[PDB]
Structures are given as C-alpha cells and as structure tokens.
Amino acid sequence: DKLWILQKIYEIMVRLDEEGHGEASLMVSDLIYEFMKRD
Amino acid sequence: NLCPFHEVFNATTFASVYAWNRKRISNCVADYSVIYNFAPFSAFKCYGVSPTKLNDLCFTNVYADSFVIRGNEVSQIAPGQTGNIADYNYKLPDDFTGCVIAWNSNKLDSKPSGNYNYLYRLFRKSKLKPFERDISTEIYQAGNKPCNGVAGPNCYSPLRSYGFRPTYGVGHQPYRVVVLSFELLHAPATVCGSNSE
Ligand code: NA
C-alpha cells in the first residue's frame with residue numbers, strides 16, 4: 001500500500017546522498033514531503 | 001544605542017531552519033538602510049510597513065529571526081504559504097506585518113564535499129503554528145506499527161541535512177533569511193527609526 005513505496009523512496013533519497021547525488025537527494029526529499037502530506 | 005543589525009546579517013554562521021534563531025532588538029536607534037544595502041538581496045518583502053516608512057517609526061521590540069534554507073524554499077517564508085518549510089520548520093502567521101529578507105549565501109555556506117551542518121525537518125505529524133520552534137528528535141512513526149524510539153521500517157529520523165555544495169543549481173543553493181517582526185505593546189517604544197521624534 002502507501003508504506004512500501006514510502007520506504008523505497010526514503011532509501012533512494014539516502015542512497016542518492018551517499019553516492020554524491022546530493023541534489024537528486026534533495027529532490028526526492030521534496031517528493032516525500034509531497035507524498036506524506038497527501039491522502 | 002545603535003541597533004545591532006550588522007551582527008544579525010553579518011554573523012559568521014546562521015542557524016538551521018528547524019532550530020531557527022531569534023534575536024531581540026531593544027533600546028536602540030535603527031537606520032534601516034545599513035540593512036537595505038548590507039548585501040544584494042534576492043528577497044525583501046515587507047507586509048505591514050515599508051522600509052522608508054520604518055525610519056520614522058518606533059516599536060517596543062524588534063525580533064530578527066534568522067536561518068538558512070534552499071533558494072527554492074525562500075518563497076515559503078511568506079504568509080499563507082504551505083510546504084516543507086512552512087509546514088514543519090518556520091511558519092509565518094497570515095496577519096504578519098514585518099519584513100522577510102533573503103540573500104544567496106552559496107559562498108559562505110556551501111562546501112566542496114557538502115555542508116551537512118545545516119538541517120531541516122522532513123517529517124511531522126502536523127503543521128507548526130505561527131512562530132513555533134520544534135527542536136524535537138522523536139523518531140517519526142509512518143505506519144500502523146509503533147516505533148518505540150527505534151529507527152527503521154516506517155520509522156524515520158525526522159531531520160535531514162542540506163549538504164550544500166557550490167556547484168548545485170541556485171534553487172538548491174543556501175540562502176540566508178532574516179525575518180523582522182515589529183512589536184507594538186502598551187509600553188514605551190524603545191526601538192526607533194532614525195528620522196523619528
Ligand atoms: Na520557491
């Protein structure tokens with residue numbers, strides 16, 4: 001449901017950062033906010 | 001005697017937005033020009049008053065809130081806004097009458113391997129009230145299972161670092177923000193514009 005995909009997004013945001021993709025990480029950050037605020 | 005704005009605007013480092021700093025300004029004279037020219041600003045919107053009008057007015061107290069956010073987040077520092085910063089880090093009330101001032105601080109706050117010292121809150125159970133400051137570190141519970149203060153599945157730390165680097169696009173570069181609030185109590189106004197009385 002909602003939560004599996006939330007976990008994956010979180011993990012890729014984290015993974016993006018540790019591989020030097022800070023900016024991309026920040027953009028996934030934004031998606032988390034958007035997704036959790038929602039229905 | 002003279003209001004210490006220089007020390008707000010020109011501080012070496014700034015606060016994280018989730019742990020935003022507030023400086024009380026009292027008992028002093030204020031030319032609000034030393035500010036207007038401090039730096040090249042990317043934002044300078046006053047709501048109640050205007051700068052030139054400010055040089056005539058006296059207040060009881062002025063409060064200078066300051067922090068660092070991303071360029072693209074600056075627009076959240078306004079009344080009636082929503083988003084990650086307005087919802088969970090720093091919230092202005094709708095009837096706000098002071099000034100929001102922002103500028104690019106890429107040169108000061110960005111670092112080659114990224115600046116992890118500036119933080120924001122990503123996860124919150126509800127929106128902040130105007131001028132609330134939540135410095136909690138409760139692990140957040142996303143699912144139906146309680147976290148019991150343990151980080152894990154559907155259980156996340158609530159804060160993230162910005163990791164500012166000089167080569168990011170400008171929207172993802174750090175901006176220093178100063179929010180001035182102008183307080184008028186029933187009391188002697190000790191903070192006066194430089195062309196008053
Ligand atoms: Na924006």
Side-chain angles (χ1 to χ4, degrees), chain A residues 26 29-30 32-34 36-38, chain B residues 3 5 7-9 11 14-26 30 32 35-36 38-39 41-54 57-105 109 118-136 158-160 162 170-185 189 191 193:
Chain A
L26 285 170
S29 179
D30 293 335
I32 293 168
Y33 169 74
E34 214 68 59
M36 289 186 64
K37 185 195 196 176
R38 209 187 165 257
Chain B
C3 289
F5 292 119
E7 293 177 350
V8 177
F9 287 83
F14 266 44
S16 294
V17 57
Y18 86 98
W20 45 274
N21 179 259
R22 173 161 287 182
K23 183 102 173 79
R24 186 183 45 90
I25 305 288
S26 295
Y32 293 102
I35 294 96
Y36 216 134
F38 168 75
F41 302 116
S42 61
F44 205 119
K45 182 76 190 302
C46 301
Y47 285 87
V49 200
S50 83
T52 49
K53 271 72 179 311
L54 280 184
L57 284 174
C58 296
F59 297 98
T60 299
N61 299 292
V62 182
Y63 304 103
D65 304 337
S66 63
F67 44 92
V68 164
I69 51 177
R70 282 150 64 174
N72 69 288
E73 282 163 347
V74 170
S75 57
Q76 286 184 55
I77 313 312
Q81 284 291 302
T82 192
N84 62 315
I85 304 305
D87 293 11
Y88 305 160
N89 287 261
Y90 185 96
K91 177 53 170 182
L92 281 188
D94 310 89
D95 63 350
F96 177 63
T97 60
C99 307
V100 179
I101 303 155
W103 64 105
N104 195 285
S105 71
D109 293 313
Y118 284 106
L119 298 149
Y120 60 105
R121 188 174 298 289
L122 181 44
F123 294 106
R124 205 177 202 262
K125 259 194 300 186
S126 61
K127 308 181 151 171
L128 290 175
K129 297 159 285 180
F131 295 130
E132 186 170 4
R133 178 167 157 183
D134 183 354
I135 56 166
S136 71
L159 308 182
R160 296 296 301 175
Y162 276 118
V170 289
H172 298 153
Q173 274 169 42
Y175 279 63
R176 279 161 182 223
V177 181
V178 173
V179 180
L180 295 182
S181 295
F182 294 99
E183 185 180 62
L184 266 167
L185 305 186
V191 162

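Proteins come first, then strands; the chains are lettered A, B, ... in the order of their sequence lines, and each starts at number 1.
- Here the straight-line distance linking atom CZ of B/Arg124 with atom OG of B/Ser136 works out to 6.5 Å at 0.5 Å rounding.
- Taken from CZ in B/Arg121 to CG in B/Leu128, the straight-line distance is 8.0 Å, to the nearest 0.5 Å.
- Checking side-chain atoms of B/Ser42 against main-chain N and O of B/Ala102 turns up a donor-acceptor pair under 3.5 Å.
- Here the CG-OH distance, from B/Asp134 to B/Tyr18, works out to 9.5 Å after rounding to the nearest 0.5 Å.
- Side-chain atoms of B/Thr82 and B/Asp87, non-hydrogen and from C-beta on, do get closer than 4.5 Å to each other.
- Listed for the B/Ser16 side chain is a donor-acceptor partner under 3.5 Å among the backbone atoms of B/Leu119.
- Atom CD of B/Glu7 has 12 or fewer neighbouring heavy atoms from other residues, nucleotides or ligands inside a 6.0 Å radius.
- Exactly one residue among B/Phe59, B/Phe96, B/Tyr47, B/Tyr63 makes a side-chain contact (heavy atoms from CB on, under 4.5 Å) with B/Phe182. That residue is B/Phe59.
- We find the CZ-OH distance between B/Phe123 and B/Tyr88 to be 9.5 Å, quoted to the nearest 0.5 Å.
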- Message: Does B/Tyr36 form a ring-ring contact (aromatic ring centres under 6.0 Å, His included) with B/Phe44? I'd like the steps, not just the answer.
- Response: CA-CA 9 Å; B/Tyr36 216 134; B/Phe44 205 119; 4.5 Å; yes
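- A side-chain contact (heavy atoms from CB on, under 4.5 Å) with B/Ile77 holds for exactly one of B/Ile85, B/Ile101, B/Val178, B/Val17; it is B/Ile85.
- A distance of 5.5 Å separates OH in B/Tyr120 from CG in A/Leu26, rounded to the nearest 0.5 Å.
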- Query: Do B/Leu92 and B/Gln81 pass the side-chain contact (heavy atoms from CB on, under 4.5 Å) test, and can you show the C-alpha distance, the side-chain angles, and the key distance before you say yes or no?
  - Reply: CA-CA 8 Å; B/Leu92 281 188; B/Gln81 284 291 302; over 6 Å; no
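- In this structure, B/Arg133 does not pair ionically with B/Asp65, as no charged nitrogen and carboxylate oxygen lie closer than 4.0 Å.
- B/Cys99 is listed as a side-chain neighbour of B/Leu54, based on a closest heavy-atom distance under 4.5 Å.
- Ring orientation note: the planes of B/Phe131 and B/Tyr90 are nearly perpendicular, at an angle over 60° on the 30°/60° scale.
- Within 6.0 Å of the CG atom in B/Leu185, the count of heavy atoms belonging to other residues, nucleotides or ligands exceeds 12.
- Residues B/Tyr118 and B/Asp109 have side chains that bring a donor and an acceptor to within less than 3.5 angstrom of each other.
- With sequence neighbours excluded, the residues that form a side-chain contact (heavy atoms from CB on, under 4.5 Å) with B/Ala15 are B/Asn21.
- Atom-to-atom distance recorded for A/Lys37:NZ and B/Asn84:CG is 9.5 Å, nearest 0.5 angstrom.
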- Message: Quick one, B/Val191 with B/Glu183, criterion side-chain contact (heavy atoms from CB on, under 4.5 Å). Give me CA distance, side-chain angles, the key distance, then yes/no.
- Response: CA-CA 10 Å; B/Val191 162; B/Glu183 185 180 62; over 6 Å; no
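- Side-chain contact check for B/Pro51 versus B/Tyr32: every heavy-atom pair is 4.5 Å or farther apart.
- Ring geometry, B/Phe38 versus B/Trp103: the interplanar angle exceeds 60°, so the pair is classed perpendicular (tilted spans 30 to 60°).
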